[PDB]
>>> print(open('start01.tsv').read())   # TSV, C-alpha atoms
chain	number	residue	atom	x	y	z
A	1	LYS	CA	-67.43	11.53	-39.81
A	2	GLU	CA	-68.67	10.44	-36.37
A	3	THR	CA	-67.96	6.87	-35.11
A	4	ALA	CA	-71.07	4.84	-34.22
A	5	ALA	CA	-70.09	4.86	-30.53
A	6	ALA	CA	-69.50	8.63	-30.45
A	7	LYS	CA	-72.89	9.29	-32.09
A	8	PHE	CA	-74.62	7.15	-29.41
A	9	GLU	CA	-72.89	9.17	-26.66
A	10	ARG	CA	-73.82	12.50	-28.22
A	11	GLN	CA	-77.47	11.56	-28.80
A	12	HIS	CA	-78.21	9.67	-25.57
A	13	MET	CA	-75.82	10.36	-22.72
A	14	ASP	CA	-76.50	13.04	-20.13
A	15	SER	CA	-74.53	12.06	-17.04
A	16	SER	CA	-74.43	15.68	-15.82
A	17	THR	CA	-77.91	15.46	-14.28
A	18	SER	CA	-79.71	12.78	-12.29
A	19	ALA	CA	-83.01	13.50	-14.07
A	20	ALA	CA	-84.64	16.13	-16.29
A	21	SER	CA	-85.53	18.96	-13.84
A	22	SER	CA	-87.86	21.08	-16.01
A	23	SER	CA	-90.31	20.78	-18.86
A	24	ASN	CA	-87.83	22.67	-21.00
A	25	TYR	CA	-85.01	20.14	-20.63
A	26	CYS	CA	-85.78	18.46	-23.96
A	27	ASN	CA	-85.92	21.70	-25.94
A	28	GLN	CA	-82.50	22.66	-24.53
A	29	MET	CA	-80.79	19.31	-24.90
A	30	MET	CA	-82.14	18.47	-28.36
A	31	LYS	CA	-80.65	21.73	-29.57
A	32	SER	CA	-77.31	21.59	-27.75
A	33	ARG	CA	-76.65	18.01	-28.92
A	34	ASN	CA	-77.35	19.19	-32.43
A	35	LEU	CA	-80.44	17.10	-32.95
A	36	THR	CA	-82.47	19.97	-34.37
A	37	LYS	CA	-79.74	21.02	-36.84
A	38	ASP	CA	-81.23	20.17	-40.24
A	39	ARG	CA	-84.57	18.79	-39.12
A	40	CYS	CA	-86.41	18.17	-35.88
A	41	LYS	CA	-85.47	14.64	-34.74
A	42	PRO	CA	-88.91	13.36	-33.69
A	43	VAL	CA	-88.06	11.13	-30.72
A	44	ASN	CA	-84.92	10.78	-28.59
A	45	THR	CA	-84.03	9.37	-25.18
A	46	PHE	CA	-81.38	10.68	-22.80
A	47	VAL	CA	-79.96	8.38	-20.09
A	48	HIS	CA	-78.86	9.94	-16.78
A	49	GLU	CA	-76.35	7.35	-15.57
A	50	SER	CA	-72.57	7.21	-15.87
A	51	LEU	CA	-71.15	6.17	-19.22
A	52	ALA	CA	-69.56	3.12	-17.58
A	53	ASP	CA	-72.98	1.94	-16.28
A	54	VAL	CA	-74.52	2.29	-19.75
A	55	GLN	CA	-71.57	0.52	-21.43
A	56	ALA	CA	-71.99	-2.31	-18.88
A	57	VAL	CA	-75.46	-3.11	-20.37
A	58	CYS	CA	-73.64	-4.75	-23.31
A	59	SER	CA	-72.78	-7.56	-20.87
A	60	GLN	CA	-76.28	-7.91	-19.38
A	61	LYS	CA	-79.47	-9.57	-20.73
A	62	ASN	CA	-79.22	-10.46	-24.43
A	63	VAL	CA	-82.57	-9.98	-26.18
A	64	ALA	CA	-83.81	-9.40	-29.76
A	65	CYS	CA	-83.86	-5.86	-31.14
A	66	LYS	CA	-87.18	-4.56	-32.55
A	67	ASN	CA	-85.67	-5.22	-35.97
A	68	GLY	CA	-85.06	-8.89	-35.20
A	69	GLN	CA	-81.26	-8.58	-34.83
A	70	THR	CA	-79.79	-10.26	-31.76
A	71	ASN	CA	-77.13	-7.82	-30.52
A	72	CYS	CA	-79.53	-6.02	-28.14
A	73	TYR	CA	-79.13	-6.05	-24.33
A	74	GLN	CA	-81.62	-5.10	-21.59
A	75	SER	CA	-80.24	-3.55	-18.38
A	76	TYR	CA	-80.87	-5.73	-15.32
A	77	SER	CA	-81.77	-2.66	-13.32
A	78	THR	CA	-83.88	0.43	-14.08
A	79	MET	CA	-82.11	3.66	-15.02
A	80	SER	CA	-82.99	7.36	-14.93
A	81	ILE	CA	-84.10	8.40	-18.41
A	82	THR	CA	-85.78	11.29	-20.18
A	83	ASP	CA	-87.92	10.71	-23.26
A	84	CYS	CA	-88.03	13.67	-25.68
A	85	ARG	CA	-90.82	13.69	-28.28
A	86	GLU	CA	-91.84	16.44	-30.69
A	87	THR	CA	-95.24	17.92	-29.90
A	88	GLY	CA	-98.07	17.95	-32.43
A	89	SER	CA	-97.25	21.61	-33.08
A	90	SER	CA	-93.43	21.36	-33.52
A	91	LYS	CA	-92.24	23.00	-36.75
A	92	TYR	CA	-88.70	23.09	-38.19
A	93	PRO	CA	-86.89	25.07	-37.35
A	94	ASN	CA	-89.01	25.81	-34.32
A	95	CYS	CA	-88.70	22.33	-32.86
A	96	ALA	CA	-90.79	21.84	-29.68
A	97	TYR	CA	-90.53	18.76	-27.44
A	98	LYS	CA	-92.46	17.21	-24.58
A	99	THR	CA	-90.18	16.02	-21.73
A	100	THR	CA	-91.08	12.81	-19.87
A	101	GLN	CA	-88.83	11.69	-17.02
A	102	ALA	CA	-88.99	8.02	-15.94
A	103	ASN	CA	-86.98	5.15	-14.44
A	104	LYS	CA	-87.02	2.16	-16.77
A	105	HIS	CA	-84.83	-0.64	-18.08
A	106	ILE	CA	-83.04	0.37	-21.28
A	107	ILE	CA	-82.42	-1.84	-24.33
A	108	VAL	CA	-79.40	-0.99	-26.49
A	109	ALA	CA	-77.75	-2.51	-29.58
A	110	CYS	CA	-74.04	-3.24	-29.07
A	111	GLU	CA	-71.21	-3.60	-31.55
A	112	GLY	CA	-67.44	-3.57	-32.01
A	113	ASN	CA	-64.31	-3.92	-29.95
A	114	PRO	CA	-64.56	-2.66	-27.41
A	115	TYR	CA	-68.22	-3.85	-27.48
A	116	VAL	CA	-70.25	-0.77	-26.70
A	117	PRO	CA	-73.68	0.76	-27.21
A	118	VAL	CA	-74.39	2.01	-30.76
A	119	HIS	CA	-78.20	2.30	-30.82
A	120	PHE	CA	-80.96	3.00	-28.34
A	121	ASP	CA	-83.61	0.36	-29.01
A	122	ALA	CA	-86.25	1.05	-26.38
A	123	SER	CA	-86.99	1.28	-22.70
A	124	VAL	CA	-89.25	-0.89	-20.53
>>> encode(input="start01.tsv", output="structure tokens")
Amino acid sequence: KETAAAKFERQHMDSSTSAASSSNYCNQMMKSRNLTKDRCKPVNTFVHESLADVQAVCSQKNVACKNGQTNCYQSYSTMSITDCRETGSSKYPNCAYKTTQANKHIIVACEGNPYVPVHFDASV
């Protein structure tokens, strides 16, 4: 139903803001991107850079993915990101998330043609 590339954009891209401005950002974004739909997705990272800058990571530093695959790439530069993690008290359907803003290098898994980001591996 959703292509792998479109699902990555929906779950991780937020180019409309330069950084999460309030502690409520994660509760708002996890719901509007439909990540609290049938369950509370426990962890999710939003990247605040243009889509072209994120797609460009697929041509940057090739590294292993946590799973051992080798189609992962680490951005040469740091990027504005927001980590969203369910709190100890979150309860479907009352999903509650802790928002943590940071500037780190992102690691993404790339696939296809065009070769674009399909999974968010981690940040450093």
>>> closest_residue(input="start01.tsv", among="A:52, A:110, A:35, A:63", to="residue 93 of chain A", atoms="only C-alpha atoms")
A:35
>>> residues_around(input="start01.tsv", residues="segment 20-27 of chain A", least_positions_apart="3", cutoff="8 Å", atoms="all atoms listed in the file", output="ChimeraX atom specification")
/A:17,30-31,82,84,95-99,101
>>> atom_distance(input="start01.tsv", atom1="atom CA of residue 7 of chain A", atom2="atom CA of residue 117 of chain A")
9.9 Å
>>> closest_residue(input="start01.tsv", among="A:42, A:115, A:37, A:18", to="residue 88 of chain A", atoms="all atoms listed in the file")
A:42
>>> residues_around(input="start01.tsv", residues="segment 55-58 of chain A", least_positions_apart="4", cutoff="8 Å", atoms="only C-alpha atoms", output="short mmCIF file (atom, residue, chain, number, x, y, z; two decimals) with C-alpha atoms, in the frame of the given file")
data_model
loop_
_atom_site.label_atom_id
_atom_site.label_comp_id
_atom_site.auth_asym_id
_atom_site.auth_seq_id
_atom_site.Cartn_x
_atom_site.Cartn_y
_atom_site.Cartn_z
CA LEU A 51 -71.15 6.17 -19.22
CA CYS A 72 -79.53 -6.02 -28.14
CA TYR A 73 -79.13 -6.05 -24.33
CA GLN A 74 -81.62 -5.10 -21.59
CA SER A 75 -80.24 -3.55 -18.38
CA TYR A 76 -80.87 -5.73 -15.32
CA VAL A 108 -79.40 -0.99 -26.49
CA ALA A 109 -77.75 -2.51 -29.58
CA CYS A 110 -74.04 -3.24 -29.07
CA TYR A 115 -68.22 -3.85 -27.48
CA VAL A 116 -70.25 -0.77 -26.70
CA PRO A 117 -73.68 0.76 -27.21
#
>>> build_atoms(input="start01.tsv", residues="segment 78-90 of chain A", atoms="N, CA, C and O atoms", output="PDB file, in the frame of the given file")
ATOM      1  N   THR A  78     -83.239  -0.703 -13.394  1.00  0.00           N
ATOM      2  CA  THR A  78     -83.880   0.430 -14.080  1.00  0.00           C
ATOM      3  C   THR A  78     -82.861   1.581 -14.026  1.00  0.00           C
ATOM      4  O   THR A  78     -81.969   1.560 -13.176  1.00  0.00           O
ATOM      5  N   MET A  79     -83.009   2.522 -14.958  1.00  0.00           N
ATOM      6  CA  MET A  79     -82.110   3.660 -15.020  1.00  0.00           C
ATOM      7  C   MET A  79     -82.919   4.955 -15.196  1.00  0.00           C
ATOM      8  O   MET A  79     -84.022   4.856 -15.705  1.00  0.00           O
ATOM      9  N   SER A  80     -82.346   6.079 -14.800  1.00  0.00           N
ATOM     10  CA  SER A  80     -82.990   7.360 -14.930  1.00  0.00           C
ATOM     11  C   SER A  80     -82.960   7.824 -16.388  1.00  0.00           C
ATOM     12  O   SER A  80     -81.860   7.935 -16.954  1.00  0.00           O
ATOM     13  N   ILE A  81     -84.121   7.994 -17.014  1.00  0.00           N
ATOM     14  CA  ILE A  81     -84.100   8.400 -18.410  1.00  0.00           C
ATOM     15  C   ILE A  81     -85.091   9.517 -18.679  1.00  0.00           C
ATOM     16  O   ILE A  81     -86.001   9.742 -17.891  1.00  0.00           O
ATOM     17  N   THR A  82     -84.883  10.212 -19.790  1.00  0.00           N
ATOM     18  CA  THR A  82     -85.780  11.290 -20.180  1.00  0.00           C
ATOM     19  C   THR A  82     -86.179  11.043 -21.626  1.00  0.00           C
ATOM     20  O   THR A  82     -85.274  10.965 -22.468  1.00  0.00           O
ATOM     21  N   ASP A  83     -87.460  10.895 -21.894  1.00  0.00           N
ATOM     22  CA  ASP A  83     -87.920  10.710 -23.260  1.00  0.00           C
ATOM     23  C   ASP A  83     -88.240  12.100 -23.820  1.00  0.00           C
ATOM     24  O   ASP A  83     -88.900  12.872 -23.124  1.00  0.00           O
ATOM     25  N   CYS A  84     -87.780  12.407 -25.014  1.00  0.00           N
ATOM     26  CA  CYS A  84     -88.030  13.670 -25.680  1.00  0.00           C
ATOM     27  C   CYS A  84     -88.788  13.351 -26.970  1.00  0.00           C
ATOM     28  O   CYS A  84     -88.254  12.588 -27.791  1.00  0.00           O
ATOM     29  N   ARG A  85     -89.963  13.919 -27.113  1.00  0.00           N
ATOM     30  CA  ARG A  85     -90.820  13.690 -28.280  1.00  0.00           C
ATOM     31  C   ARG A  85     -91.401  14.989 -28.794  1.00  0.00           C
ATOM     32  O   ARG A  85     -91.883  15.837 -28.026  1.00  0.00           O
ATOM     33  N   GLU A  86     -91.304  15.217 -30.106  1.00  0.00           N
ATOM     34  CA  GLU A  86     -91.840  16.440 -30.690  1.00  0.00           C
ATOM     35  C   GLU A  86     -93.329  16.558 -30.412  1.00  0.00           C
ATOM     36  O   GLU A  86     -94.040  15.554 -30.453  1.00  0.00           O
ATOM     37  N   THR A  87     -93.807  17.750 -30.164  1.00  0.00           N
ATOM     38  CA  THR A  87     -95.240  17.920 -29.900  1.00  0.00           C
ATOM     39  C   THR A  87     -95.949  17.996 -31.242  1.00  0.00           C
ATOM     40  O   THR A  87     -95.302  18.078 -32.292  1.00  0.00           O
ATOM     41  N   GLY A  88     -97.269  17.929 -31.217  1.00  0.00           N
ATOM     42  CA  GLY A  88     -98.070  17.950 -32.430  1.00  0.00           C
ATOM     43  C   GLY A  88     -97.827  19.252 -33.200  1.00  0.00           C
ATOM     44  O   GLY A  88     -97.912  19.263 -34.429  1.00  0.00           O
ATOM     45  N   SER A  89     -97.505  20.311 -32.468  1.00  0.00           N
ATOM     46  CA  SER A  89     -97.250  21.610 -33.080  1.00  0.00           C
ATOM     47  C   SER A  89     -95.813  21.894 -33.466  1.00  0.00           C
ATOM     48  O   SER A  89     -95.552  22.924 -34.134  1.00  0.00           O
ATOM     49  N   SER A  90     -94.814  21.075 -33.144  1.00  0.00           N
ATOM     50  CA  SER A  90     -93.430  21.360 -33.520  1.00  0.00           C
ATOM     51  C   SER A  90     -93.290  21.610 -35.017  1.00  0.00           C
ATOM     52  O   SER A  90     -93.816  20.917 -35.875  1.00  0.00           O
TER      53      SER A  90
END
